[PDB]
Amino acid sequence: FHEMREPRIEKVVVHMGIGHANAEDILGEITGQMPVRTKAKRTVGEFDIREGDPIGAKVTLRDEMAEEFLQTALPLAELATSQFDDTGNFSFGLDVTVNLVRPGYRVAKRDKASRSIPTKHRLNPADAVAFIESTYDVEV
RNA sequence: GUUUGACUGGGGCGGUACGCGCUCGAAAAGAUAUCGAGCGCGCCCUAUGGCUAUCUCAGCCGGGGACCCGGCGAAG
Ligand SMILES: [Mg+2]
Ligand SMILES: [Mg+2]
Ligand SMILES: [Mg+2]
Ligand code: NA
Ligand code: NA
Ligand code: NA
Ligand SMILES: [Sr+2]
Ligand SMILES: [Sr+2]
């Protein structure tokens, strides 16, 4: 029961919301894999009337890539209870987002007979702080 | 030598109900008038057409009015 309930890392998304790019090179270094451009929507007074066009970049890491990143990334932040989602997610900072979830998450990400994850199987902030804190760092 | 139209609560002036589309008037099939009420069309587009692949939108909340992550969300 506990084995298929103990949290894990779905993905670690690192992104730099600039607003017009040349910053891909560092992400390609700090994470290890190719980043992708970020386009915006809706015209914007702040000389941002171009809908589709480079404005940011991000890198989504999974498995090892994700953990090998957090090992050297988490120590760079000072996690706090507020910094946590209602789903058991937390992001710090160049933004760094950590998406945590339980084993059979796929049930909501697959194509056939997908289904939404029952709140009971949904990760909790409490369960989140724990799991994480239970590995190289402090809380509040 | 001719023409100078029609409609119209008389005619003139005003207007066009003079060709078209929608809601209501219209009375739960269809049809249905007034110078009836609300209001549009005489285009624009080589993509703003076609198919395929991948995908889900408004709006609100939570975490780092531009961007990133998650949640709610049959359609506003
Ligand atoms: Mg004669
Ligand atoms: Mg007459
Ligand atoms: Mg009828
Ligand atoms: Na781009
Ligand atoms: Na005539
Ligand atoms: Na009159
Ligand atoms: Sr005459
Ligand atoms: Sr009279």
Side-chain angles (χ1 to χ4, degrees):
Chain A
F1 72 86
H2 67 297
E3 176 176 53
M4 296 300 250
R5 278 266 308 182
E6 51 193 68
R8 73 177 196 191
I9 281 180
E10 170 190 14
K11 67 187 167 188
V12 170
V13 186
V14 310
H15 135 290
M16 286 187 281
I18 304 182
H20 48 74
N22 46 300
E24 296 185 64
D25 276 291
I26 62 176
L27 291 172
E29 306 182 310
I30 185 180
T31 60
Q33 90 181 200
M34 248 188 90
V36 274
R37 297 275 191 160
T38 277
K39 314 163 188 172
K41 295 186 179 181
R42 296 181 182 179
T43 309
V44 195
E46 54 185 295
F47 217 4
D48 188 53
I49 64 171
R50 188 175 171 189
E51 188 173 304
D53 62 312
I55 294 174
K58 71 178 178 183
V59 195
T60 59
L61 303 180
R62 289 186 151 88
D63 284 295
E64 293 188 305
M65 297 291 278
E67 288 181 290
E68 306 189 313
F69 176 78
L70 295 187
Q71 286 198 68
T72 48
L74 282 171
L76 316 185
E78 296 177 299
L79 306 168
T81 305
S82 67
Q83 294 173 44
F84 282 70
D85 209 56
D86 303 47
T87 317
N89 285 179
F90 80 89
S91 192
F92 51 102
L94 181 155
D95 303 295
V96 178
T97 312
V98 178
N99 203 180
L100 307 168
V101 83
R102 295 190 166 70
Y105 184 63
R106 170 183 174 70
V107 177
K109 294 293 180 174
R110 60 181 181 199
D111 271 359
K112 319 177 202 166
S114 73
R115 207 76 46 173
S116 189
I117 297 304
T119 56
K120 306 77 176 192
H121 217 65
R122 286 286 181 69
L123 186 51
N124 314 68
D127 286 290
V129 179
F131 172 74
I132 311 165
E133 180 168 44
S134 174
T135 308
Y136 300 61
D137 60 59
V138 197
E139 59 172 302
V140 187

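When reading the values below, keep in mind they use all heavy atoms of this one structure, side chains included, and skip hydrogens, waters and symmetry mates. Proteins get letters first, then strands, A, B, ... in listed order; numbering begins at 1 in each.
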Going by atom type alone, with no hydrogens or angles, which donor-acceptor pairs under 3.5 Å involve a side-chain atom of residues 32-54 of chain A and a protein atom two or more places apart or on another chain?
| residue | atom | partner | partner atom | Å |
| --- | --- | --- | --- | --- |
| A:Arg37 | NE | A:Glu24 | OE2 | 2.9 |
| A:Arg37 | NH2 | A:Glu24 | OE2 | 3.4 |
| A:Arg50 | NE | A:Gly52 | O | 3.3 |

(Q) side-chain contact (heavy atoms from CB on, under 4.5 Å), that's the test. Do A:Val59 and A:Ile30 meet it? Break it down for me. (A) CA-CA 10 Å; A:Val59 195; A:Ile30 185 180; over 6 Å; no

Exercise answer: donor-acceptor pairs, residues 86-93 of chain A side-chain atoms, under 3.5 Å, sequence neighbours excluded:
| residue | atom | partner | partner atom | Å |
| --- | --- | --- | --- | --- |
| A:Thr87 | OG1 | A:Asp85 | OD2 | 3.0 |
| A:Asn89 | OD1 | A:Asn99 | ND2 | 2.6 |
| A:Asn89 | ND2 | A:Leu100 | O | 3.4 |
| A:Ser91 | OG | A:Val96 | O | 2.6 |
| A:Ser91 | OG | A:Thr97 | N | 3.3 |
| A:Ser91 | OG | A:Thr97 | OG1 | 2.7 |

(Q) Go through it in stages, so that I can follow the logic: the residues are A:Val14 and A:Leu94, the test is side-chain contact (heavy atoms from CB on, under 4.5 Å), and I'd like the CA-CA distance, side-chain angles, deciding distance and then a yes or no. (A) CA-CA 7 Å; A:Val14 310; A:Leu94 181 155; 5.7 Å; no

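- No donor-acceptor pair under 3.5 Å is formed between the side chain of A:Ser134 and the backbone N or O of A:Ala130.
- Base pair annotation for B:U48 with B:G14: unpaired, by the Watson-Crick or G-U wobble rule (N1-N3 plus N6-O4 or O6-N4, or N1-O2 plus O6-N3, under 3.5 Å).
- Here B:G73 does not sit opposite B:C20 as a base pair, Watson-Crick or G-U wobble, with both distances under 3.5 Å.
- Stacking between B:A17 and B:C18 does not hold, since their six-membered rings do not have both centres below 5.5 angstrom apart and planes below 30 degrees.
- In this structure, B:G9 is classed as syn because its glycosidic torsion stays within 90° of zero.
- Contacts between chain A and RNA chain B, taken as any atom within less than 4.0 angstrom of a protein heavy atom, begin and end at B:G59 to B:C72.
- Remark: B:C24 base-pairs with B:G36; criterion is Watson-Crick or G-U wobble with both hydrogen-bond distances under 3.5 Å.
- In B:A27 the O4'-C1'-N dihedral to the base is within 90° of 0, which defines a syn nucleotide.
- Remark: B:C7 does not pair with B:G59, failing the Watson-Crick or G-U wobble criterion at under 3.5 Å for both atom pairs.
- Distance check on atom P: B:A33 versus B:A27 gives 14 Å, rounded to whole Å.
- RNA chain B is contacted by both A:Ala57 and A:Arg122; A:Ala57 maps to the nucleotide lying nearer its 5′ end (nearest heavy atom per residue).
- Syn is the conformation of B:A47, whose glycosidic angle sits no further than 90° from 0.
- Remark: B:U54 base-pairs with no nucleotide in the shown strands. Criterion, Watson-Crick or G-U wobble with two distances under 3.5 Å.
- Pairs engaging residues 61-70 of chain A under the side-chain hydrogen bond (donor to acceptor under 3.5 Å, both in side chains) rule: none recorded [sequence neighbours left out].
- With a 4.5 Å cut-off on side-chain heavy atoms, A:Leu74 and A:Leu79 count as touching.
- Judged by Watson-Crick and G-U wobble geometry, where both atom pairs must sit under 3.5 Å apart, B:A58 and B:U4 do not count as a base pair.
- Residue A:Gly93 is in sugar-phosphate contact alone, with no base atom involved, counting any heavy-atom pair closer than 4.0 Å across all strands shown.
- Here A:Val44 lies in heavy-atom contact (under 4.0 Å) with a base.
- Partners of A:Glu139 by side-chain contact (heavy atoms from CB on, under 4.5 Å), not counting sequence neighbours, listed by chain and number: A:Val129, A:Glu133.
- Within a heavy-atom distance below 4.0 Å of RNA chain B, the residues of residues 77-88 of chain A found are A:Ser82, A:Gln83, A:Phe84, A:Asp85, A:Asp86, A:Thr87.
- The salt bridge (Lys or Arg N to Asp or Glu O under 4.0 Å) test with A:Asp127 singles out one residue from A:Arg102, A:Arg5, A:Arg122, and that residue is A:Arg102.
- Base stacking of B:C51 on B:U52: present (ring centres under 5.5 Å, plane angle under 30°).
- In this entry B:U16 carries a south-puckered sugar, per its negative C1'-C2'-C3'-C4' angle.
- Looking at A:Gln83, its side chain does come within 3.5 Å of a backbone N or O of A:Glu78 through a donor-acceptor pair.
- Nearest-nucleotide assignment on RNA chain B puts the 5′-proximal partner with A:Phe90, out of A:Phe90 and A:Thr38.
- For the adjacent pair B:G42 and B:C43, the base rings do not count as stacked by a centre distance under 5.5 Å and plane angle under 30°.
- Judged by ring centres under 5.5 angstrom and plane angles under 30°, B:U54 stacks onto its neighbour B:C55.
- Bases of consecutive nucleotides B:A33 and B:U34 are stacked, their six-membered rings being centred less than 5.5 Å apart at a plane angle below 30°.
- B:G76 and B:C57 are base-paired: they meet the Watson-Crick or G-U wobble geometry, with both hydrogen-bonding distances under 3.5 Å.
- The partner of B:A17, taking Watson-Crick or G-U wobble pairs whose two distances both stay under 3.5 Å, does not exist in any strand shown.
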